[PDB]
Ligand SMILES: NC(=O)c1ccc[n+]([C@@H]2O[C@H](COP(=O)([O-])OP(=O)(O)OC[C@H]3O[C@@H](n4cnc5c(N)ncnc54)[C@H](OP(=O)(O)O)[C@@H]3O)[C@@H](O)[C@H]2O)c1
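Taking the form deposited without the ligand, here's one chain by itself in structure tokens.
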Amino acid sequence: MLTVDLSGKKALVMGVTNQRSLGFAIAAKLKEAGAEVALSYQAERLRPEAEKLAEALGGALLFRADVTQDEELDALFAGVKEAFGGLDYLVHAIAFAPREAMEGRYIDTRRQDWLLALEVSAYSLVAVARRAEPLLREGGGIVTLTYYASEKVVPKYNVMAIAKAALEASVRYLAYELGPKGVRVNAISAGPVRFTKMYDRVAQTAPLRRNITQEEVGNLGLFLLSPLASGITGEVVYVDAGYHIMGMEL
């Protein structure tokens, strides 16, 4: 048997607002493997849900920070440093675009909505990576979540596609800049996890003839963060039941 033992390792998991988060899936696997987890939450009004998520994980530390606020990120990382002493893993599961941007056409995206989507969904990785850098230990890593709309047109994903392209390019640059410290940076491109017509359409065309599960994403994040992935950096790894390899729908 192979064992993955992450006892003594420290993870910060950002962007989790409910148990269906792919981020929650990864945090759950990290806990199961033995790591200690800190969860960020956006604002004090959301602390109750954050407390519920921490209890759902069997225990986690909470910190308040809005990723648009540089001081609040500074305070978060000061808190992490004091509580953990250092960091091994950062899970970035932050994704946001204004509802108005996601309705209608990409060409019609308003300036402030476009910039906020990019700020929250892409720049946030840079902002947290920079602050994590002095805390991250050798062998440590950052993982983010993406979707294949970065490369292929998925109508109505709109500015989020563009944010994901910016996020994936960021992963590559950050991998180059963090690599000398022995810190790796990767993205997981996930398929949908079970509206119903969309899930069924994906399932008919995917090679595996089904949708992926939350646990499948969790397992890939565990692997990438673990020492089993020590040679892998700068990569976008697809967990999508093979869907994106298809050149037409079935």
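So that the term is clear: the rigid core is the largest set of C-alpha atoms that superpose within 1.5 Å between two forms. All residue numbers are counted from 1 along the displayed sequence.
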property: At least a third of other PDB entries omit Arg194; result: yes
property: Between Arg47 and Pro48 - deposited residues without coordinates, as a size class; result: none
property: Stretch with the greater mean C-alpha B-factor as recorded in the entry, comparing 232-240 against 8-16; result: 8-16
property: 157-165 versus 95-103 - which carries the larger mean C-alpha B factor in the record; result: 95-103
property: Highest recorded Cα temperature factor - choice among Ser40, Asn186, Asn219, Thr196; result: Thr196
property: Out of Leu225, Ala190, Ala56, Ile26, residue topping the C-alpha B-factor column of the entry; result: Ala56
property: Cα B factor band for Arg137 (lowest, middle or highest third within the chain); result: highest
property: Chain-relative CA temperature factor third for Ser150; result: highest
property: Where the record places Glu119 (Cα B-factor, split into thirds across the chain); result: lowest
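The form solved in complex with the ligand exists for this protein as well; it is not shown, and the discussion that follows is about that form.
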property	result
In the bound PDB entry, the residue from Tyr123, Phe96, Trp114, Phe84 that sits within 4.5 Å of the ligand by heavy atoms	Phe96
Selected contact from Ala35, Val67, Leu220, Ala60, since only one has a non-hydrogen atom within 4.5 angstroms of the ligand in the bound PDB entry	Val67
Interface segment, criterion being heavy atoms within 4.5 Å of the ligand in the bound PDB entry, picked from 154-162, 74-82, 131-139, 169-177	154-162
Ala28 within 4.5 Å of the ligand in the bound PDB entry, heavy atoms	no
Close approach of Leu12 to the ligand in the bound PDB entry, 4.5 Å, heavy atom	no
Interface membership of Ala241, the ligand in the bound PDB entry, 4.5 Å heavy atom rule	no
Residue contact check: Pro192 to the ligand in the bound PDB entry, 4.5 Å heavy atom	yes
Cα displacement of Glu44 between the shown form and the other one reaching 2 Å, rigid core superposed	yes
Exceeds or equals 2 Å, Cα of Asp200 between the shown form and the other one, core fit	yes
